[PDB]
K.L.:
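I'd like to ask some things about the structure below.
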Amino acid sequence: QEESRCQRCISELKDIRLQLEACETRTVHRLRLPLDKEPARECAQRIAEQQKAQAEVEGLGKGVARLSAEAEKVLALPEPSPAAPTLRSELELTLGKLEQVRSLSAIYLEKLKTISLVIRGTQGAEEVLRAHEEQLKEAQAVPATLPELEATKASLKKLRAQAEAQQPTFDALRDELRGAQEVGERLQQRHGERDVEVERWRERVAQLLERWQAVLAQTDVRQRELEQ
């Protein structure tokens with residue numbers, strides 16, 4: 001009539017392990033998807049989504065704890081039970097899967113958060129560089145008068161000071177990209193999944209650095225022209 005607690009526990013353990021495996025596959029499919037053409041917004045949205053995913057996993061973990069307690073109660077009865085090894089085996093598989101899915105959920109969330117810092121940081125650097133690149137372009141004009149020359153020279157002095165002052169911004173950007181790269185590598189090493197996102201932002205950072213270096217270098221050239 002009523003099935004044994006042993007058989008019911010085996011069934012429930014298999015069921016919850018399937019739900020964990022589904023969380024797992026879901027997460028793999030997400031982390032394989034590169035950001036598209038609105039990376040800031042998409043990344044914030046995906047972070048929110050992954051925080052929930054991670055909470056769903058923790059709810060399953062509480063189910064696993066409940067089934068583990070029940071399993072151990074059954075396994076502790078003194079009577080012979082040829083089913084006991086199956087119950088033990090299924091418990092240990094479910095417990096292992098839980099840890100694996102927890103790990104993966106946490107590292108993917110971490111990957112998203114580090115990428116989000118690089119994205120924010122690069123978009124900030126763009127807006128400052130644009131201002132500086134325009135000031136420099138304006139300083140390229142030939143001044144008409146001796147007084148305009150002095151204004152151009154003053155504009156360049158200002159520009160150099162402003163551009164040099166961005167040192168902290170670019171140091172932090174490089175650190176953030178380093179952070180993002182390291183997370184991706186650990187995901188690769190621990191879960192065998194390549195980092196589909198980091199190359200885009202490595203290139204972004206590299207180009208922005210080069211533009212910053214060029215503002216500094218060409219400001220110095222232009223200042224030197226006007227002195228001699």
Side-chain angles (χ1 to χ4, degrees), residues 11-71 90-128 168-206 208:
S11 293
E12 288 186 75
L13 280 166
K14 290 177 180 172
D15 295 338
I16 204 164
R17 183 164 76 254
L18 288 167
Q19 296 181 244
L20 287 164
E21 285 167 5
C23 294
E24 192 179 25
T25 299
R26 209 173 295 141
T27 301
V28 169
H29 287 162
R30 286 193 296 260
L31 65 88
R32 283 181 182 173
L33 178 67
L35 296 166
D36 202 21
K37 299 197 291 295
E38 290 199 84
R41 187 192 55 71
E42 298 167 37
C43 198
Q45 195 158 329
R46 290 170 63 160
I47 283 165
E49 168 184 37
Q50 182 60 23
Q51 273 164 343
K52 295 183 181 176
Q54 176 174 251
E56 175 190 18
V57 171
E58 288 304 303
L60 289 173
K62 287 194 251 186
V64 171
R66 212 142 51 245
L67 291 172
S68 179
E70 169 70 350
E90 292 292 336
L91 179 58
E92 295 307 310
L93 286 165
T94 298
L95 288 172
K97 181 57 55 176
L98 175 57
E99 285 314 296
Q100 179 173 6
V101 177
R102 278 183 165 145
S103 172
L104 176 63
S105 294
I107 185 162
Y108 177 49
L109 176 59
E110 184 188 358
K111 180 174 189 285
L112 293 169
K113 288 174 175 171
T114 60
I115 279 289
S116 186
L117 296 176
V118 176
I119 300 166
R120 153 185 280 179
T122 63
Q123 295 181 344
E126 178 68 48
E127 293 307 314
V128 178
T169 291
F170 289 102
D171 289 340
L173 247 186
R174 290 166 54 79
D175 291 326
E176 286 165 350
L177 174 68
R178 186 173 301 112
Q181 185 187 320
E182 287 168 353
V183 185
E185 292 169 346
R186 303 207 327 274
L187 179 76
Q188 170 99 74
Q189 185 175 2
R190 275 122 114 110
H191 299 277
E193 290 288 337
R194 62 176 297 262
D195 188 342
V196 308
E197 191 65 45
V198 69
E199 288 303 322
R200 174 176 177 178
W201 302 104
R202 185 193 317 284
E203 182 66 7
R204 180 57 165 159
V205 169
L208 285 164

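Numbering starts at 1 and runs along the sequence shown. Values below: every heavy atom of this structure, side chains too, minus hydrogens, waters and symmetry copies.
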K.L.:
Say whether, by atom type as modelled, one donor and one acceptor occur between the side chain of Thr25 and the main chain of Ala22 under 3.5 angstrom.
P.N.:
no
K.L.:
Main chain of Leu35, side chain of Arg200: is a donor-acceptor contact present, judged purely on distance under 3.5 Å?
P.N.:
yes
K.L.:
Search all heavy atoms of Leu117 against all heavy atoms of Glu176 and return the closest pair with its distance.
P.N.:
O-OE1, 3.5 Å
K.L.:
How about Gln181 and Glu185: does a side-chain donor come under 3.5 Å of a side-chain acceptor?
P.N.:
yes
K.L.:
Once rounded to the nearest 0.5 Å, what's the spacing between atom CG of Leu31 and atom NE2 of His191?
P.N.:
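Between atom CG of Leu31 and atom NE2 of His191 there are 9.5 Å.
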K.L.:
Are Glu90 and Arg17 within salt-bridge range, i.e. N to O under 4.0 Å?
P.N.:
yes
K.L.:
Rounded to the nearest 0.5 Å, how far does CD of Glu110 lie from CD of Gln50?
P.N.:
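Output value for this atom pair is 12.0 Å.
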K.L.:
Classify the side-chain pair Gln45/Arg41 by whether it contains a donor and acceptor separated by less than 3.5 Å.
P.N.:
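A pair is found: one side chain offers a donor N or O, the other an acceptor, under 3.5 Å apart.
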K.L.:
I need the single residue from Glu203, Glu197, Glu199 that forms a side chain to side chain donor-acceptor pair (under 3.5 Å) with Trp201. Which is it?
P.N.:
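Testing each of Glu203, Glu197, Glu199 against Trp201, the sole residue satisfying side chain to side chain donor-acceptor pair (under 3.5 Å) is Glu197.
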K.L.:
Around atom CZ of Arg102, are there more than 12 heavy atoms of other residues, nucleotides or ligands at under 6.0 Å?
P.N.:
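Buried by this count: over 12 neighbours within 6.0 Å.
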K.L.:
Could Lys97 and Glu24 be called an ion pair, given the rule that one side-chain N must be under 4.0 Å from one carboxylate O?
P.N.:
yes
K.L.:
Once you round to the nearest 0.5 Å, how far does CG of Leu67 lie from CG of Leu98?
P.N.:
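So the gap between those two atoms works out to 11.0 Å.
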K.L.:
Apply side chain to side chain contact (heavy atoms under 4.5 Å, CB included) to residues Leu177 and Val198 and explain how you reach the verdict.
P.N.:
CA-CA 8 Å; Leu177 174 68; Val198 69; 4.2 Å; yes
K.L.:
Would the distance check show the side chain of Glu42 and the main-chain N or O of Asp36 forming a donor-acceptor pair, the cut-off being under 3.5 Å?
P.N.:
yes
K.L.:
One thing to verify: whether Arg174 and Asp171 come together as a salt bridge, which I'm taking to mean a side-chain N less than 4.0 angstrom from a carboxylate O.
P.N.:
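Not counted as a salt bridge, because no side-chain N and carboxylate O are separated by less than 4.0 Å.
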K.L.:
With a sphere of 6.0 Å drawn around CZ of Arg30, does it hold more than 12 non-hydrogen atoms of other residues, nucleotides or ligands?
P.N.:
yes
K.L.:
Tell me whether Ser68 contacts the main-chain N or O of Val64 through its side chain, where contact means a donor paired with an acceptor under 3.5 Å.
P.N.:
no
K.L.:
Check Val118 against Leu173 and note the closest heavy-atom contact, atom names and distance.
P.N.:
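In this case the closest contact between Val118 and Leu173 is O-CD2, 3.8 Å.
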K.L.:
Could you walk me through whether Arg32 and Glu193 pass side chain to side chain contact (heavy atoms under 4.5 Å, CB included), step by step?
P.N.:
CA-CA 8 Å; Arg32 283 181 182 173; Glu193 290 288 337; 2.7 Å; yes
K.L.:
Please determine whether the number of non-hydrogen atoms from other residues, nucleotides or ligands lying under 6.0 Å from atom CZ of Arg186 exceeds 12.
P.N.:
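Buried by this count: over 12 neighbours within 6.0 Å.
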K.L.:
Using a 3.5 Å distance criterion without hydrogens, assess whether the side chain of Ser103 forms a donor-acceptor pair with backbone atoms of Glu99.
P.N.:
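Side chain of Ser103 to backbone of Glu99: no pair is present.
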K.L.:
Do the non-hydrogen side-chain atoms of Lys113 and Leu109 ever get within less than 4.5 Å of each other?
P.N.:
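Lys113 reaches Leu109 side chain to side chain.
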K.L.:
For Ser116 and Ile47, which heavy atoms make the closest approach, and how far apart are they?
P.N.:
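Closest pair (atom of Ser116, atom of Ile47, distance): CB-CD1, 3.9 Å.
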